[PDB]
$ cat protein_33.pdb   # PDB, C-alpha atoms
ATOM      1  CA  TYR A  21     114.888  49.186  63.573  1.00  0.00           C
ATOM      2  CA  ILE A  22     115.356  45.756  61.985  1.00  0.00           C
ATOM      3  CA  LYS A  23     118.200  43.699  60.462  1.00  0.00           C
ATOM      4  CA  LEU A  24     117.543  42.647  56.863  1.00  0.00           C
ATOM      5  CA  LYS A  25     119.713  40.406  54.711  1.00  0.00           C
ATOM      6  CA  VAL A  26     120.163  41.274  50.985  1.00  0.00           C
ATOM      7  CA  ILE A  27     121.074  38.190  48.826  1.00  0.00           C
ATOM      8  CA  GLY A  28     122.361  38.286  45.227  1.00  0.00           C
ATOM      9  CA  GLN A  29     122.583  35.421  42.734  1.00  0.00           C
ATOM     10  CA  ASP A  30     126.219  34.815  43.799  1.00  0.00           C
ATOM     11  CA  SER A  31     124.571  34.092  47.189  1.00  0.00           C
ATOM     12  CA  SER A  32     126.265  36.975  48.988  1.00  0.00           C
ATOM     13  CA  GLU A  33     124.431  38.030  52.149  1.00  0.00           C
ATOM     14  CA  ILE A  34     124.834  41.653  53.144  1.00  0.00           C
ATOM     15  CA  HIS A  35     123.307  42.944  56.321  1.00  0.00           C
ATOM     16  CA  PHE A  36     121.368  46.182  56.877  1.00  0.00           C
ATOM     17  CA  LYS A  37     119.986  48.119  59.894  1.00  0.00           C
ATOM     18  CA  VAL A  38     116.669  49.706  58.655  1.00  0.00           C
ATOM     19  CA  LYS A  39     114.023  51.906  60.354  1.00  0.00           C
ATOM     20  CA  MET A  40     110.548  50.477  60.466  1.00  0.00           C
ATOM     21  CA  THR A  41     108.735  53.610  59.209  1.00  0.00           C
ATOM     22  CA  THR A  42     111.183  54.771  56.543  1.00  0.00           C
ATOM     23  CA  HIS A  43     111.308  54.433  52.764  1.00  0.00           C
ATOM     24  CA  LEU A  44     113.191  51.395  51.411  1.00  0.00           C
ATOM     25  CA  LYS A  45     114.577  53.871  48.875  1.00  0.00           C
ATOM     26  CA  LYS A  46     117.533  54.207  51.262  1.00  0.00           C
ATOM     27  CA  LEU A  47     118.211  50.449  51.557  1.00  0.00           C
ATOM     28  CA  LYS A  48     118.016  50.023  47.781  1.00  0.00           C
ATOM     29  CA  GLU A  49     120.338  52.981  47.070  1.00  0.00           C
ATOM     30  CA  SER A  50     122.792  52.068  49.809  1.00  0.00           C
ATOM     31  CA  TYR A  51     123.015  48.526  48.374  1.00  0.00           C
ATOM     32  CA  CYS A  52     123.572  49.771  44.800  1.00  0.00           C
ATOM     33  CA  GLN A  53     126.134  52.181  46.210  1.00  0.00           C
ATOM     34  CA  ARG A  54     127.930  49.424  48.073  1.00  0.00           C
ATOM     35  CA  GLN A  55     128.104  47.387  44.885  1.00  0.00           C
ATOM     36  CA  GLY A  56     129.080  50.311  42.642  1.00  0.00           C
ATOM     37  CA  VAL A  57     126.146  49.928  40.165  1.00  0.00           C
ATOM     38  CA  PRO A  58     123.488  52.562  39.185  1.00  0.00           C
ATOM     39  CA  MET A  59     120.125  52.389  40.923  1.00  0.00           C
ATOM     40  CA  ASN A  60     117.468  51.252  38.519  1.00  0.00           C
ATOM     41  CA  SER A  61     120.091  48.654  37.452  1.00  0.00           C
ATOM     42  CA  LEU A  62     118.911  46.263  40.172  1.00  0.00           C
ATOM     43  CA  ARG A  63     115.505  45.193  41.425  1.00  0.00           C
ATOM     44  CA  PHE A  64     114.770  44.024  44.930  1.00  0.00           C
ATOM     45  CA  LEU A  65     112.182  41.392  45.955  1.00  0.00           C
ATOM     46  CA  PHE A  66     110.559  40.405  49.244  1.00  0.00           C
ATOM     47  CA  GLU A  67     108.254  37.332  49.130  1.00  0.00           C
ATOM     48  CA  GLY A  68     108.533  37.335  45.303  1.00  0.00           C
ATOM     49  CA  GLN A  69     107.264  40.900  44.896  1.00  0.00           C
ATOM     50  CA  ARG A  70     109.340  43.971  44.169  1.00  0.00           C
ATOM     51  CA  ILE A  71     110.013  46.528  46.847  1.00  0.00           C
ATOM     52  CA  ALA A  72     109.270  50.080  45.732  1.00  0.00           C
ATOM     53  CA  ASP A  73     110.936  53.336  46.797  1.00  0.00           C
ATOM     54  CA  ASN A  74     107.796  54.392  48.679  1.00  0.00           C
ATOM     55  CA  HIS A  75     107.479  50.985  50.458  1.00  0.00           C
ATOM     56  CA  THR A  76     108.647  50.716  54.060  1.00  0.00           C
ATOM     57  CA  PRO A  77     109.097  47.765  56.444  1.00  0.00           C
ATOM     58  CA  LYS A  78     106.131  49.240  58.374  1.00  0.00           C
ATOM     59  CA  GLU A  79     103.983  47.965  55.533  1.00  0.00           C
ATOM     60  CA  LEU A  80     104.971  44.622  53.849  1.00  0.00           C
ATOM     61  CA  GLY A  81     105.027  42.993  57.351  1.00  0.00           C
ATOM     62  CA  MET A  82     108.841  42.861  57.298  1.00  0.00           C
ATOM     63  CA  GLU A  83     110.570  41.192  60.261  1.00  0.00           C
ATOM     64  CA  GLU A  84     113.939  40.660  61.947  1.00  0.00           C
ATOM     65  CA  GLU A  85     116.401  38.552  59.889  1.00  0.00           C
ATOM     66  CA  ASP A  86     114.033  38.719  56.863  1.00  0.00           C
ATOM     67  CA  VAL A  87     115.619  38.316  53.450  1.00  0.00           C
ATOM     68  CA  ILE A  88     115.443  40.435  50.365  1.00  0.00           C
ATOM     69  CA  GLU A  89     116.386  38.989  46.942  1.00  0.00           C
ATOM     70  CA  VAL A  90     118.155  41.313  44.510  1.00  0.00           C
ATOM     71  CA  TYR A  91     118.288  40.794  40.743  1.00  0.00           C
ATOM     72  CA  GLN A  92     119.827  42.613  37.780  1.00  0.00           C
ATOM     73  CA  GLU A  93     117.509  44.398  35.397  1.00  0.00           C
ATOM     74  CA  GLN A  94     117.374  43.521  31.715  1.00  0.00           C
ATOM     75  CA  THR A  95     117.571  47.209  30.709  1.00  0.00           C
ATOM     76  CA  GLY A  96     120.386  47.427  33.235  1.00  0.00           C
ATOM     77  CA  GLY A  97     118.825  50.866  33.891  1.00  0.00           C
TER
ATOM     78  CA  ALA B   2     132.078  40.421  30.532  1.00  0.00           C
ATOM     79  CA  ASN B   3     128.636  41.014  31.933  1.00  0.00           C
ATOM     80  CA  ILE B   4     130.331  44.173  33.247  1.00  0.00           C
ATOM     81  CA  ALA B   5     130.848  45.075  29.610  1.00  0.00           C
ATOM     82  CA  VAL B   6     127.180  44.254  28.609  1.00  0.00           C
ATOM     83  CA  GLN B   7     125.625  46.139  31.546  1.00  0.00           C
ATOM     84  CA  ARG B   8     127.922  49.028  30.630  1.00  0.00           C
ATOM     85  CA  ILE B   9     126.960  49.072  26.991  1.00  0.00           C
ATOM     86  CA  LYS B  10     123.275  49.000  27.941  1.00  0.00           C
ATOM     87  CA  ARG B  11     123.759  51.988  30.202  1.00  0.00           C
ATOM     88  CA  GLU B  12     125.642  53.946  27.524  1.00  0.00           C
ATOM     89  CA  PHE B  13     123.036  52.972  24.895  1.00  0.00           C
ATOM     90  CA  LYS B  14     120.336  54.621  27.121  1.00  0.00           C
ATOM     91  CA  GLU B  15     122.566  57.565  27.784  1.00  0.00           C
ATOM     92  CA  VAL B  16     122.590  58.224  24.021  1.00  0.00           C
ATOM     93  CA  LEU B  17     118.756  57.626  23.878  1.00  0.00           C
ATOM     94  CA  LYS B  18     118.262  60.315  26.539  1.00  0.00           C
ATOM     95  CA  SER B  19     120.771  62.779  25.101  1.00  0.00           C
ATOM     96  CA  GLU B  20     120.087  66.283  23.883  1.00  0.00           C
ATOM     97  CA  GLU B  21     121.986  65.474  20.666  1.00  0.00           C
ATOM     98  CA  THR B  22     119.471  62.688  20.033  1.00  0.00           C
ATOM     99  CA  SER B  23     116.481  64.921  20.831  1.00  0.00           C
ATOM    100  CA  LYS B  24     117.973  67.385  18.287  1.00  0.00           C
ATOM    101  CA  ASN B  25     118.432  64.434  15.943  1.00  0.00           C
ATOM    102  CA  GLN B  26     122.205  64.895  15.545  1.00  0.00           C
ATOM    103  CA  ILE B  27     123.104  61.426  16.776  1.00  0.00           C
ATOM    104  CA  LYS B  28     121.281  58.178  17.458  1.00  0.00           C
ATOM    105  CA  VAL B  29     122.059  54.546  18.127  1.00  0.00           C
ATOM    106  CA  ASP B  30     120.189  51.329  17.336  1.00  0.00           C
ATOM    107  CA  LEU B  31     120.553  47.972  18.824  1.00  0.00           C
ATOM    108  CA  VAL B  32     121.608  45.201  16.343  1.00  0.00           C
ATOM    109  CA  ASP B  33     122.216  42.090  18.472  1.00  0.00           C
ATOM    110  CA  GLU B  34     120.343  40.957  21.551  1.00  0.00           C
ATOM    111  CA  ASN B  35     123.718  40.690  23.295  1.00  0.00           C
ATOM    112  CA  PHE B  36     124.823  44.366  22.959  1.00  0.00           C
ATOM    113  CA  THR B  37     128.095  43.417  21.075  1.00  0.00           C
ATOM    114  CA  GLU B  38     127.013  45.256  17.954  1.00  0.00           C
ATOM    115  CA  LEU B  39     125.321  48.608  17.499  1.00  0.00           C
ATOM    116  CA  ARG B  40     124.421  50.873  14.687  1.00  0.00           C
ATOM    117  CA  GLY B  41     125.103  54.560  15.070  1.00  0.00           C
ATOM    118  CA  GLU B  42     123.830  57.364  12.890  1.00  0.00           C
ATOM    119  CA  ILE B  43     125.202  60.907  12.709  1.00  0.00           C
ATOM    120  CA  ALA B  44     123.827  63.856  10.772  1.00  0.00           C
ATOM    121  CA  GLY B  45     126.006  65.715   8.306  1.00  0.00           C
ATOM    122  CA  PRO B  46     127.177  68.764  10.297  1.00  0.00           C
ATOM    123  CA  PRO B  47     126.044  72.102   8.923  1.00  0.00           C
ATOM    124  CA  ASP B  48     128.294  74.122   6.641  1.00  0.00           C
ATOM    125  CA  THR B  49     130.130  71.007   5.403  1.00  0.00           C
ATOM    126  CA  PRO B  50     129.617  68.953   2.214  1.00  0.00           C
ATOM    127  CA  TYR B  51     127.945  66.183   4.346  1.00  0.00           C
ATOM    128  CA  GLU B  52     125.146  68.551   5.472  1.00  0.00           C
ATOM    129  CA  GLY B  53     121.686  67.098   4.720  1.00  0.00           C
ATOM    130  CA  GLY B  54     123.167  63.638   4.955  1.00  0.00           C
ATOM    131  CA  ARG B  55     122.875  60.806   7.459  1.00  0.00           C
ATOM    132  CA  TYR B  56     125.748  58.385   8.070  1.00  0.00           C
ATOM    133  CA  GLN B  57     125.400  54.909   9.540  1.00  0.00           C
ATOM    134  CA  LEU B  58     128.221  53.490  11.573  1.00  0.00           C
ATOM    135  CA  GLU B  59     128.808  49.844  12.348  1.00  0.00           C
ATOM    136  CA  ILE B  60     129.919  49.622  16.016  1.00  0.00           C
ATOM    137  CA  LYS B  61     131.359  46.370  17.314  1.00  0.00           C
ATOM    138  CA  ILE B  62     132.380  45.824  20.926  1.00  0.00           C
ATOM    139  CA  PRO B  63     135.462  43.510  21.065  1.00  0.00           C
ATOM    140  CA  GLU B  64     135.939  41.082  24.004  1.00  0.00           C
ATOM    141  CA  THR B  65     138.723  43.221  25.499  1.00  0.00           C
ATOM    142  CA  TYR B  66     136.537  46.320  25.717  1.00  0.00           C
ATOM    143  CA  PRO B  67     136.820  48.528  27.600  1.00  0.00           C
ATOM    144  CA  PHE B  68     140.590  48.138  27.556  1.00  0.00           C
ATOM    145  CA  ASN B  69     140.471  48.183  23.761  1.00  0.00           C
ATOM    146  CA  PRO B  70     138.113  50.606  21.889  1.00  0.00           C
ATOM    147  CA  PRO B  71     134.928  49.844  19.972  1.00  0.00           C
ATOM    148  CA  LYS B  72     135.653  48.910  16.334  1.00  0.00           C
ATOM    149  CA  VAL B  73     133.896  51.615  14.307  1.00  0.00           C
ATOM    150  CA  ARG B  74     133.348  51.702  10.493  1.00  0.00           C
ATOM    151  CA  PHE B  75     131.186  53.814   8.218  1.00  0.00           C
ATOM    152  CA  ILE B  76     128.485  51.761   6.550  1.00  0.00           C
ATOM    153  CA  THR B  77     127.484  54.903   4.562  1.00  0.00           C
ATOM    154  CA  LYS B  78     130.166  55.703   1.988  1.00  0.00           C
ATOM    155  CA  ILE B  79     131.637  59.130   2.446  1.00  0.00           C
ATOM    156  CA  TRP B  80     134.348  61.239   0.848  1.00  0.00           C
ATOM    157  CA  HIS B  81     136.657  62.301   3.737  1.00  0.00           C
ATOM    158  CA  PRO B  82     140.477  62.318   4.146  1.00  0.00           C
ATOM    159  CA  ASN B  83     140.233  60.424   7.493  1.00  0.00           C
ATOM    160  CA  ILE B  84     137.718  57.759   6.274  1.00  0.00           C
ATOM    161  CA  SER B  85     138.280  55.014   3.624  1.00  0.00           C
ATOM    162  CA  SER B  86     136.194  55.795   0.560  1.00  0.00           C
ATOM    163  CA  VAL B  87     136.157  52.065  -0.158  1.00  0.00           C
ATOM    164  CA  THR B  88     135.667  50.472   3.278  1.00  0.00           C
ATOM    165  CA  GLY B  89     134.504  53.193   5.650  1.00  0.00           C
ATOM    166  CA  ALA B  90     137.510  52.472   7.938  1.00  0.00           C
ATOM    167  CA  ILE B  91     138.148  55.472  10.176  1.00  0.00           C
ATOM    168  CA  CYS B  92     141.422  57.244  11.170  1.00  0.00           C
ATOM    169  CA  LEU B  93     140.764  58.865  14.591  1.00  0.00           C
ATOM    170  CA  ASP B  94     142.935  58.940  17.680  1.00  0.00           C
ATOM    171  CA  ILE B  95     140.280  57.959  20.212  1.00  0.00           C
ATOM    172  CA  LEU B  96     139.637  54.770  18.269  1.00  0.00           C
ATOM    173  CA  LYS B  97     143.393  54.006  18.398  1.00  0.00           C
ATOM    174  CA  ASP B  98     146.226  55.118  20.838  1.00  0.00           C
ATOM    175  CA  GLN B  99     144.176  57.830  22.500  1.00  0.00           C
ATOM    176  CA  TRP B 100     141.257  55.496  23.457  1.00  0.00           C
ATOM    177  CA  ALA B 101     140.415  55.824  27.174  1.00  0.00           C
ATOM    178  CA  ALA B 102     138.480  53.191  29.043  1.00  0.00           C
ATOM    179  CA  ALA B 103     136.067  55.688  30.562  1.00  0.00           C
ATOM    180  CA  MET B 104     134.925  57.047  27.148  1.00  0.00           C
ATOM    181  CA  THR B 105     131.260  56.438  26.342  1.00  0.00           C
ATOM    182  CA  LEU B 106     129.283  55.647  23.215  1.00  0.00           C
ATOM    183  CA  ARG B 107     128.066  59.222  23.283  1.00  0.00           C
ATOM    184  CA  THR B 108     131.629  60.496  23.388  1.00  0.00           C
ATOM    185  CA  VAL B 109     132.498  58.354  20.401  1.00  0.00           C
ATOM    186  CA  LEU B 110     129.481  59.533  18.374  1.00  0.00           C
ATOM    187  CA  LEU B 111     130.181  63.178  19.076  1.00  0.00           C
ATOM    188  CA  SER B 112     133.817  62.756  18.202  1.00  0.00           C
ATOM    189  CA  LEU B 113     132.864  61.249  14.820  1.00  0.00           C
ATOM    190  CA  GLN B 114     130.441  64.090  14.208  1.00  0.00           C
ATOM    191  CA  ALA B 115     133.273  66.564  15.017  1.00  0.00           C
ATOM    192  CA  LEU B 116     135.488  64.404  12.720  1.00  0.00           C
ATOM    193  CA  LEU B 117     133.108  65.144   9.843  1.00  0.00           C
ATOM    194  CA  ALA B 118     133.481  68.910  10.513  1.00  0.00           C
ATOM    195  CA  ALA B 119     137.236  68.827  11.061  1.00  0.00           C
ATOM    196  CA  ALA B 120     139.727  66.852   8.955  1.00  0.00           C
ATOM    197  CA  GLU B 121     143.410  66.035   9.563  1.00  0.00           C
ATOM    198  CA  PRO B 122     144.685  65.596   5.996  1.00  0.00           C
ATOM    199  CA  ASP B 123     148.331  65.101   7.130  1.00  0.00           C
ATOM    200  CA  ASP B 124     147.177  61.885   8.806  1.00  0.00           C
ATOM    201  CA  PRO B 125     144.913  60.449   6.119  1.00  0.00           C
ATOM    202  CA  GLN B 126     143.007  57.196   5.875  1.00  0.00           C
ATOM    203  CA  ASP B 127     142.438  57.765   2.173  1.00  0.00           C
ATOM    204  CA  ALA B 128     145.552  59.388   0.653  1.00  0.00           C
ATOM    205  CA  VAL B 129     143.834  59.975  -2.709  1.00  0.00           C
ATOM    206  CA  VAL B 130     140.968  61.885  -1.001  1.00  0.00           C
ATOM    207  CA  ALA B 131     143.446  63.630   1.371  1.00  0.00           C
ATOM    208  CA  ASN B 132     145.671  64.648  -1.520  1.00  0.00           C
ATOM    209  CA  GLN B 133     142.630  66.105  -3.246  1.00  0.00           C
ATOM    210  CA  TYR B 134     141.487  67.968  -0.102  1.00  0.00           C
ATOM    211  CA  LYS B 135     144.999  69.500   0.051  1.00  0.00           C
ATOM    212  CA  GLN B 136     145.709  70.068  -3.639  1.00  0.00           C
ATOM    213  CA  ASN B 137     142.232  70.766  -5.041  1.00  0.00           C
ATOM    214  CA  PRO B 138     139.742  71.817  -2.394  1.00  0.00           C
ATOM    215  CA  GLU B 139     136.938  72.685  -4.825  1.00  0.00           C
ATOM    216  CA  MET B 140     136.881  69.290  -6.583  1.00  0.00           C
ATOM    217  CA  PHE B 141     137.010  67.735  -3.089  1.00  0.00           C
ATOM    218  CA  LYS B 142     133.862  69.619  -2.010  1.00  0.00           C
ATOM    219  CA  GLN B 143     131.882  68.905  -5.198  1.00  0.00           C
ATOM    220  CA  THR B 144     132.731  65.203  -4.827  1.00  0.00           C
ATOM    221  CA  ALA B 145     131.982  65.041  -1.093  1.00  0.00           C
ATOM    222  CA  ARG B 146     128.655  66.797  -1.850  1.00  0.00           C
ATOM    223  CA  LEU B 147     127.742  64.317  -4.615  1.00  0.00           C
ATOM    224  CA  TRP B 148     128.717  61.332  -2.432  1.00  0.00           C
ATOM    225  CA  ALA B 149     126.493  62.842   0.305  1.00  0.00           C
ATOM    226  CA  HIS B 150     123.532  62.987  -2.085  1.00  0.00           C
ATOM    227  CA  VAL B 151     124.163  59.649  -3.605  1.00  0.00           C
ATOM    228  CA  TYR B 152     125.021  57.646  -0.538  1.00  0.00           C
ATOM    229  CA  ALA B 153     123.812  59.726   2.473  1.00  0.00           C
ATOM    230  CA  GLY B 154     120.344  60.890   1.439  1.00  0.00           C
ATOM    231  CA  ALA B 155     121.446  64.524   1.040  1.00  0.00           C
TER
END

$ encode --input "protein_33.pdb" --output "structure tokens"
Amino acid sequence: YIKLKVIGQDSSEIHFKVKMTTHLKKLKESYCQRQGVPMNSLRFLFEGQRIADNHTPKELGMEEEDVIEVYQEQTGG
Amino acid sequence: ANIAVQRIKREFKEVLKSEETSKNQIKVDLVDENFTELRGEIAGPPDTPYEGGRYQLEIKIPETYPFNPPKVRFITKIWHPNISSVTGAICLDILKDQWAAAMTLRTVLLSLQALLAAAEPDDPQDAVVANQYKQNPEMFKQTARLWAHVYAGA
């Protein structure tokens, strides 16, 4: 497991415990749930590239205290 | 509100994905980049004088949405006791004192489609048309049918 900070444009920093070999699906949906918006309404970046539902921290080389940047989608989903 | 723009976008796509759209009963087009104005289209419901017709609806989202309703008007002229024959202004509760903040674009479009199939002549928007509906149903139908051909592609 690994702490990961999710940062929005307001500059809010919300902390998550995440398993190393588990789909980032969960993180992304849990964040959207926390914020009361539909998933597919937000996109999530790590090192300027979008996470995907199939991606895990196993791959991507994701570390402790690493940051993920979240943005609103044009469509808004 | 960006809450209001994100919302409208979501409800726009909800109509896009709807069964009623895939059946071509309702549709919505985007007018402004900002989602403050839409254009709706409803089919003339079957077994009414509008049948065969398509009716465009100007939809404008005021700044106090969703606490006030969308401002809806017929662009397509139509002969109906609850719609102005001159302006397309609409008499319909959900656009007035029965608006509810959780109502969606889809809900509105379906209500208007049901409006076409179900008049309330004792609460008219067009008292001439409503008086005719009540006093001379047959002239009302022939006229509604000719307006539907002339103005609504029937």

$ resolve_selection --input "protein_33.pdb" --expression "the ChimeraX specification (/A :<8) & /B" --output "PDB file with C-alpha atoms, in the frame of the given file"
ATOM      1  CA  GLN B   7     125.625  46.139  31.546  1.00  0.00           C
ATOM      2  CA  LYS B  10     123.275  49.000  27.941  1.00  0.00           C
ATOM      3  CA  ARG B  11     123.759  51.988  30.202  1.00  0.00           C
ATOM      4  CA  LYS B  14     120.336  54.621  27.121  1.00  0.00           C
TER       5      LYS B  14
END

$ closest_residue --input "protein_33.pdb" --among "A:89, A:73, A:79, A:84" --to "residue 45 in chain A" --atoms "all atoms listed in the file"
A:73

$ closest_residue --input "protein_33.pdb" --among "B:58, B:129, B:145, B:113" --to "residue 92 in chain B" --atoms "all atoms listed in the file"
B:113

$ atom_distance --input "protein_33.pdb" --atom1 "CA of residue 2 in chain B" --atom2 "CA of residue 26 in chain A"
23.7 Å

$ resolve_selection --input "protein_33.pdb" --expression "the PyMOL selection byres ((chain B and resi 45-47) around 9)" --output "number ranges by chain"
B: 26, 43-44, 48-56, 114-115, 117-118, 149, 153, 155

$ resolve_selection --input "protein_33.pdb" --expression "the PyMOL selection byres ((chain B and resi 89) around 9)" --output "list in words"
residues 58, 73, 74, 75, 76, 77, 78, 79, 84, 85, 86, 87, 88, 90 and 91 of chain B

$ write_last_selection --input "protein_33.pdb" --atoms "C-alpha atoms" --output "PDB file, in the frame of the given file"
ATOM      1  CA  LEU B  58     128.221  53.490  11.573  1.00  0.00           C
ATOM      2  CA  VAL B  73     133.896  51.615  14.307  1.00  0.00           C
ATOM      3  CA  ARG B  74     133.348  51.702  10.493  1.00  0.00           C
ATOM      4  CA  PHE B  75     131.186  53.814   8.218  1.00  0.00           C
ATOM      5  CA  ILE B  76     128.485  51.761   6.550  1.00  0.00           C
ATOM      6  CA  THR B  77     127.484  54.903   4.562  1.00  0.00           C
ATOM      7  CA  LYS B  78     130.166  55.703   1.988  1.00  0.00           C
ATOM      8  CA  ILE B  79     131.637  59.130   2.446  1.00  0.00           C
ATOM      9  CA  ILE B  84     137.718  57.759   6.274  1.00  0.00           C
ATOM     10  CA  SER B  85     138.280  55.014   3.624  1.00  0.00           C
ATOM     11  CA  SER B  86     136.194  55.795   0.560  1.00  0.00           C
ATOM     12  CA  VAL B  87     136.157  52.065  -0.158  1.00  0.00           C
ATOM     13  CA  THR B  88     135.667  50.472   3.278  1.00  0.00           C
ATOM     14  CA  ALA B  90     137.510  52.472   7.938  1.00  0.00           C
ATOM     15  CA  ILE B  91     138.148  55.472  10.176  1.00  0.00           C
TER      16      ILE B  91
END

$ closest_residue --input "protein_33.pdb" --among "A:63, A:47, A:90, A:80" --to "residue 33 in chain A" --atoms "only C-alpha atoms"
A:90

$ atom_distance --input "protein_33.pdb" --atom1 "CA of residue 71 in chain A" --atom2 "CA of residue 4 in chain B"
24.6 Å

$ atom_distance --input "protein_33.pdb" --atom1 "CA of residue 35 in chain B" --atom2 "CA of residue 72 in chain B"
16.1 Å

$ residues_around --input "protein_33.pdb" --residues "residue 31 in chain B" --least-positions-apart "2" --cutoff "10 Å" --atoms "only C-alpha atoms" --output "PDB file with C-alpha atoms, in the coordinates of the input"
ATOM      1  CA  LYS B  10     123.275  49.000  27.941  1.00  0.00           C
ATOM      2  CA  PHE B  13     123.036  52.972  24.895  1.00  0.00           C
ATOM      3  CA  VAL B  29     122.059  54.546  18.127  1.00  0.00           C
ATOM      4  CA  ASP B  33     122.216  42.090  18.472  1.00  0.00           C
ATOM      5  CA  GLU B  34     120.343  40.957  21.551  1.00  0.00           C
ATOM      6  CA  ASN B  35     123.718  40.690  23.295  1.00  0.00           C
ATOM      7  CA  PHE B  36     124.823  44.366  22.959  1.00  0.00           C
ATOM      8  CA  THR B  37     128.095  43.417  21.075  1.00  0.00           C
ATOM      9  CA  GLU B  38     127.013  45.256  17.954  1.00  0.00           C
ATOM     10  CA  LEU B  39     125.321  48.608  17.499  1.00  0.00           C
ATOM     11  CA  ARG B  40     124.421  50.873  14.687  1.00  0.00           C
ATOM     12  CA  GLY B  41     125.103  54.560  15.070  1.00  0.00           C
ATOM     13  CA  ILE B  60     129.919  49.622  16.016  1.00  0.00           C
TER      14      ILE B  60
END

$ residues_around --input "protein_33.pdb" --residues "residue 39 in chain A" --least-positions-apart "3" --cutoff "7 Å" --atoms "only C-alpha atoms" --output "PyMOL selection string"
chain A and resi 21-22+42

$ residues_near_point --input "protein_33.pdb" --point "(141.1, 60.1, 5.5)" --cutoff "8 Å" --atoms "all atoms listed in the file" --output "list in words"
residues 81, 82, 83, 84, 85, 91, 92, 120, 121, 122, 124, 125, 126, 127, 128, 130 and 131 of chain B

$ residues_near_point --input "protein_33.pdb" --point "(105.9, 50.6, 55.7)" --cutoff "10 Å" --atoms "all atoms listed in the file" --output "PyMOL selection string"
chain A and resi 39-44+74-82

$ residues_around --input "protein_33.pdb" --residues "residue 86 in chain A" --least-positions-apart "3" --cutoff "7 Å" --atoms "all atoms listed in the file" --output "list in words"
residues 24, 25, 82 and 83 of chain A

$ axis_aligned_box --input "protein_33.pdb" --around "range 97-105 of chain B" --padding-each-side "3 Å" --output "JSON"
{"center_x": 138.7, "center_y": 55.5, "center_z": 24.5, "size_x": 21.0, "size_y": 10.6, "size_z": 18.2}
